[PDB]
Structures are given as structure tokens and as C-alpha cells.
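Visitor: Structure supplied as entry06.pdb; contents: PDB, C-alpha atoms (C1' of nucleotides).
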ATOM      1  CA  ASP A   3       0.000   0.000   0.000
ATOM      2  CA  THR A   4       1.149   3.515  -1.045
ATOM      3  CA  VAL A   5       4.326   1.836  -2.186
ATOM      4  CA  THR A   6       5.898   4.244  -4.740
ATOM      5  CA  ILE A   7       9.360   2.808  -5.560
ATOM      6  CA  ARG A   8      11.548   5.913  -5.438
ATOM      7  CA  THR A   9      14.460   5.089  -7.753
ATOM      8  CA  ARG A  10      17.071   7.211  -6.060
ATOM      9  CA  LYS A  11      20.551   7.378  -7.620
ATOM     10  CA  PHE A  12      19.665   5.647 -10.869
ATOM     11  CA  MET A  13      22.770   4.280 -12.551
ATOM     12  CA  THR A  14      22.722   3.053 -16.123
ATOM     13  CA  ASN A  15      25.421   0.496 -15.436
ATOM     14  CA  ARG A  16      26.597   0.140 -19.005
ATOM     15  CA  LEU A  17      29.554  -2.131 -18.185
ATOM     16  CA  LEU A  18      27.361  -4.518 -16.221
ATOM     17  CA  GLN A  19      24.500  -3.971 -18.695
ATOM     18  CA  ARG A  20      21.779  -3.180 -16.230
ATOM     19  CA  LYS A  21      19.593  -0.592 -14.581
ATOM     20  CA  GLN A  22      21.011   0.049 -11.120
ATOM     21  CA  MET A  23      19.057   2.087  -8.599
ATOM     22  CA  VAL A  24      18.081   2.315  -4.953
ATOM     23  CA  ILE A  25      14.580   1.103  -4.087
ATOM     24  CA  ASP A  26      12.831   3.425  -1.613
ATOM     25  CA  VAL A  27       9.216   2.378  -1.012
ATOM     26  CA  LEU A  28       6.632   3.984   1.274
ATOM     27  CA  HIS A  29       4.003   2.493   3.588
ATOM     28  CA  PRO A  30       0.969   3.542   5.654
ATOM     29  CA  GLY A  31       1.711   1.571   8.819
ATOM     30  CA  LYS A  32       3.412  -1.658   7.753
ATOM     31  CA  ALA A  33       6.903  -1.418   6.265
ATOM     32  CA  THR A  34       8.372  -3.744   3.604
ATOM     33  CA  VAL A  35       5.846  -5.031   1.131
ATOM     34  CA  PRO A  36       7.557  -8.183  -0.273
ATOM     35  CA  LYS A  37      10.602  -8.098  -2.535
ATOM     36  CA  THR A  38       9.231  -9.919  -5.573
ATOM     37  CA  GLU A  39       6.200  -7.639  -5.482
ATOM     38  CA  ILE A  40       8.701  -4.781  -5.617
ATOM     39  CA  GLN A  41      10.372  -6.580  -8.530
ATOM     40  CA  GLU A  42       6.985  -6.884 -10.246
ATOM     41  CA  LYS A  43       6.284  -3.299  -9.264
ATOM     42  CA  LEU A  44       9.680  -2.195 -10.573
ATOM     43  CA  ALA A  45       8.880  -4.362 -13.583
ATOM     44  CA  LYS A  46       5.814  -2.343 -14.645
ATOM     45  CA  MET A  47       7.761   0.839 -13.939
ATOM     46  CA  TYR A  48      10.347  -0.227 -16.509
ATOM     47  CA  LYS A  49       8.467  -3.032 -18.386
ATOM     48  CA  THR A  50      11.368  -5.425 -17.894
ATOM     49  CA  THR A  51      10.016  -8.926 -16.863
ATOM     50  CA  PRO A  52      11.112  -8.885 -13.224
ATOM     51  CA  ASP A  53      12.915 -12.250 -13.025
ATOM     52  CA  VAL A  54      15.896 -10.308 -14.358
ATOM     53  CA  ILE A  55      15.269  -7.724 -11.609
ATOM     54  CA  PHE A  56      17.410  -9.152  -8.819
ATOM     55  CA  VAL A  57      16.554  -7.056  -5.783
ATOM     56  CA  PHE A  58      17.958  -7.004  -2.255
ATOM     57  CA  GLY A  59      18.061  -4.626   0.688
ATOM     58  CA  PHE A  60      14.558  -4.328   2.136
ATOM     59  CA  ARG A  61      15.149  -3.509   5.792
ATOM     60  CA  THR A  62      12.009  -2.317   7.511
ATOM     61  CA  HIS A  63      12.049   1.260   8.784
ATOM     62  CA  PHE A  64      10.784   1.849  12.317
ATOM     63  CA  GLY A  65       7.204   3.032  12.467
ATOM     64  CA  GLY A  66       6.207   1.167   9.311
ATOM     65  CA  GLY A  67       6.101   3.869   6.764
ATOM     66  CA  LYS A  68       9.109   3.204   4.555
TER      67      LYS A  68
ATOM     68  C1'   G B   1      30.795  17.529   7.554
ATOM     69  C1'   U B   2      27.273  14.131   9.166
ATOM     70  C1'   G B   3      19.555  13.034  12.820
ATOM     71  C1'   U B   4      23.461   6.308  14.471
ATOM     72  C1'   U B   5      15.016   7.684  15.590
ATOM     73  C1'   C B   6      18.863  10.072  21.134
ATOM     74  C1'   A B   7      23.161   7.642  22.122
ATOM     75  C1'   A B   8      27.390   4.312  22.321
ATOM     76  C1'   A B   9      28.626   5.662  17.027
ATOM     77  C1'   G B  10      29.452   5.566  11.750
ATOM     78  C1'   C B  11      31.750   8.163   7.602
ATOM     79  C1'   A B  12      28.533   9.685   6.162
ATOM     80  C1'   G B  13      24.863  12.152   3.337
ATOM     81  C1'   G B  14      20.750  14.968  -0.146
ATOM     82  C1'   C B  15      17.491  15.319  -4.113
ATOM     83  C1'   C B  16      14.054  15.469  -8.064
ATOM     84  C1'   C B  17      11.757  12.709 -11.960
ATOM     85  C1'   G B  18       5.733   8.745 -11.919
ATOM     86  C1'   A B  19       9.721   4.797 -12.212
ATOM     87  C1'   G B  20      12.731   7.394 -18.781
ATOM     88  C1'   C B  21      16.017  12.619 -12.963
ATOM     89  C1'   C B  22      17.595   6.992 -16.985
ATOM     90  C1'   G B  23      19.983  11.031 -13.377
ATOM     91  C1'   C B  24      21.553  15.575 -10.240
ATOM     92  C1'   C B  25      24.688  16.123  -5.533
ATOM     93  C1'   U B  26      27.419  17.270  -0.885
ATOM     94  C1'   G B  27      31.050  15.040   1.336
ATOM     95  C1'   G B  28      34.501  11.654   4.253
ATOM     96  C1'   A B  29      37.576  18.719   7.360
ATOM     97  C1'   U B  30      41.528  20.444  10.211
ATOM     98  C1'   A B  31      44.934  19.519  15.131
ATOM     99  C1'   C B  32      49.324  16.337  17.000
ATOM    100  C1'   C B  33      54.816  14.682  15.855
ATOM    101  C1'   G B  34      60.025  12.635  21.709
ATOM    102  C1'   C B  35      64.061  13.428  19.741
ATOM    103  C1'   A B  36      68.118  13.605  16.645
ATOM    104  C1'   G B  37      68.003  15.793  12.099
ATOM    105  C1'   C B  38      66.400  19.075   8.323
ATOM    106  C1'   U B  39      65.059  23.982   6.863
ATOM    107  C1'   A B  40      65.735  28.938   6.844
ATOM    108  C1'   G B  41      64.442  33.895   9.734
ATOM    109  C1'   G B  42      66.358  35.889  14.222
ATOM    110  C1'   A B  43      71.033  37.065  16.892
ATOM    111  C1'   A B  44      68.847  39.244  22.191
ATOM    112  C1'   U B  45      70.273  35.860  25.821
ATOM    113  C1'   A B  46      74.385  31.907  27.163
ATOM    114  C1'   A B  47      78.935  30.329  25.481
ATOM    115  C1'   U B  48      82.221  31.732  21.416
ATOM    116  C1'   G B  49      86.407  34.399  17.904
ATOM    117  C1'   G B  50      90.978  37.590  17.040
ATOM    118  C1'   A B  51      96.913  41.637  16.419
ATOM    119  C1'   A B  52     100.967  40.239  22.082
ATOM    120  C1'   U B  53     108.004  40.092  21.669
ATOM    121  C1'   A B  54     102.793  41.669  14.969
ATOM    122  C1'   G B  55      99.274  40.633  12.807
ATOM    123  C1'   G B  56      95.562  41.730   9.351
ATOM    124  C1'   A B  57      93.670  44.272   4.806
ATOM    125  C1'   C B  58      95.500  46.596  -0.037
ATOM    126  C1'   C B  59      97.727  42.611  -7.247
ATOM    127  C1'   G B  60     102.068  47.532  -1.721
ATOM    128  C1'   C B  61     104.866  44.719  -4.128
ATOM    129  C1'   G B  62     109.483  43.091  -4.959
ATOM    130  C1'   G B  63     113.462  39.263  -6.549
ATOM    131  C1'   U B  64     113.640  34.039  -6.552
ATOM    132  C1'   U B  65     111.293  29.459  -8.041
ATOM    133  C1'   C B  66     107.976  25.323  -8.781
ATOM    134  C1'   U B  67     104.613  23.860 -12.029
ATOM    135  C1'   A B  68      99.696  24.066 -14.445
ATOM    136  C1'   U B  69      98.343  24.728 -20.313
ATOM    137  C1'   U B  70      95.757  27.954 -24.408
ATOM    138  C1'   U B  71      97.347  30.088 -28.689
ATOM    139  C1'   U B  72     102.065  30.400 -32.511
ATOM    140  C1'   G B  73      97.469  25.743 -38.600
ATOM    141  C1'   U B  74      99.160  21.667 -36.114
ATOM    142  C1'   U B  75     102.685  18.816 -33.735
ATOM    143  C1'   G B  76     107.971  18.884 -32.010
ATOM    144  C1'   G B  77     111.773  21.807 -29.560
ATOM    145  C1'   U B  78     112.798  25.202 -25.933
ATOM    146  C1'   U B  79     111.230  29.901 -24.165
ATOM    147  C1'   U B  80     108.382  32.868 -21.322
ATOM    148  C1'   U B  81     104.085  35.971 -19.844
TER     149        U B  81
END
Here is a file; write its structure as C-alpha cells.

Guide:
Amino acid sequence: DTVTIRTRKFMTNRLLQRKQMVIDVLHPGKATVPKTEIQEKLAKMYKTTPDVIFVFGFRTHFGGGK
RNA sequence: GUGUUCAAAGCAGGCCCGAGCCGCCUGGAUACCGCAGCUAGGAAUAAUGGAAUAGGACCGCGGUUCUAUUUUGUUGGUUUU
């Protein structure tokens, strides 16, 4: 809910042939909607079939929210 | 520098764009160096120098003499400055 992947510091990694960015998602009261959702959500942002979108990170911010 | 939610701390960090911003962006300072040395300014202070039965400055020079090598095209010879 109210997810909004905020692609901060987007890096067209040309020598690793990829889109490289920081995922920064928002929440009402429950942090960290699941990773493969975020893949599928970052899929439809970029239309890139998200099983090539290999995400990680995803630590839950205190107070839900982000 | 830096909101680690304060803090112990870290070296961080911050954005806009919907997510084509295909990115933009701060940064990660400065302080310390036993000595000995080095460096170069000082020359007080503390030591420190000389002319004494004369020495120091002036090409004062003098006469002697050693020898060093440039030119005499060159070398060789000697000769000198």
C-alpha cells in the first residue's frame, strides 16, 4: 500500500549492462511489502520482466512507513 | 561535515523525476609529531672568535722558483708571460 518505488541514484550500469538504482518504497503503517512484489512493481515501472530484476536490501524502517 | 530515531557511534549524506532525474549532488575537514636531524628567519640571551716580543687588509709589491696549459694551422723543440 502507497508503495511508490523511489528510484534514487539511478545508474545506467553500461559495463554490467543493467539498470542500477536504490529502491525506496513507502508504507501507511506496515513497512516492507515483499521483494518480488517490488520486482513486479519495478517491472511495470520499466516493463522489464522482473525475473531479471534481482533485488535485495529491504530492511524495515521503524514506524512502518518506509 | 554528518539526525546512528537520542546515544554508544558511523563516515557519512541529499534530491528530483511517476519509475525514462535513466539522473543531479554534498562530502569523508583540520589539530598532533620525543628526539636527533632538516630547513631557513632571528642574533637578544648563554657560550664563542681575534693583532701580544705583529698581525691583518690593499695585485704595496718586490726578486727568486715550482709547475699548471691555451694560442704560434698543427705537432715537435725550448722559451716565457

Visitor: Closest to residue 55 (chain A) among A:12, A:67, A:20, A:4, using only C-alpha atoms?

Guide: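 Checking each candidate against residue 55 (chain A), we get A:20 as the closest.
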
Visitor: Would you translate the PyMOL selection byres ((chain A) within 8 of (chain B)) into the concrete set of residues it matches in this file, as a list in words?

Guide: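 Answer for the PyMOL selection byres ((chain A) within 8 of (chain B)): residues 7, 8, 9, 11, 12, 13, 14, 44, 47, 48 and 64 of chain A.
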
Visitor: Go ahead and compute the interatomic distance for CA of residue 15 (chain A) and CA of residue 57 (chain A), in Å to one decimal.

Guide: 15.1 Å

Visitor: Just the number, please: distance in Å from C1' of residue 8 (chain B) to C1' of residue 32 (chain B), one decimal.

Guide: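 Value for the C1' of residue 8 (chain B)-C1' of residue 32 (chain B) distance: 25.6 Å.
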
Visitor: Can you measure CA of residue 18 (chain A) to CA of residue 54 (chain A) for me? One decimal in Å is fine.

Guide: 13.0 Å

Visitor: Running the PyMOL selection byres ((chain B and resi 1) around 7) on this model by hand, what would come out? Give it as a ChimeraX atom specification.

Guide: /B:2,27,29

Visitor: Just need the box for region 28-35 of chain A, edges along x, y and z, holding every atom the file lists for it with 5 Å tacked onto each side, so centre and edge lengths in Å to one decimal, as AutoDock Vina command-line options.

Guide:
--center_x 4.7 --center_y -0.5 --center_z 5.0 --size_x 17.4 --size_y 19.0 --size_z 17.7

Visitor: Would you be able to write out as a PyMOL selection string which residues have an atom within 7 Å of (2.7, -0.3, -2.1) in the file's coordinates, counting all atoms listed in the file?

Guide: chain A and resi 3-6+28-29+35

Visitor: As a check of understanding, name the residues that the PyMOL selection byres ((chain A and resi 65) around 9) selects in the supplied structure, as a PyMOL selection string.

Guide: chain A and resi 31-33+62-64+66-68
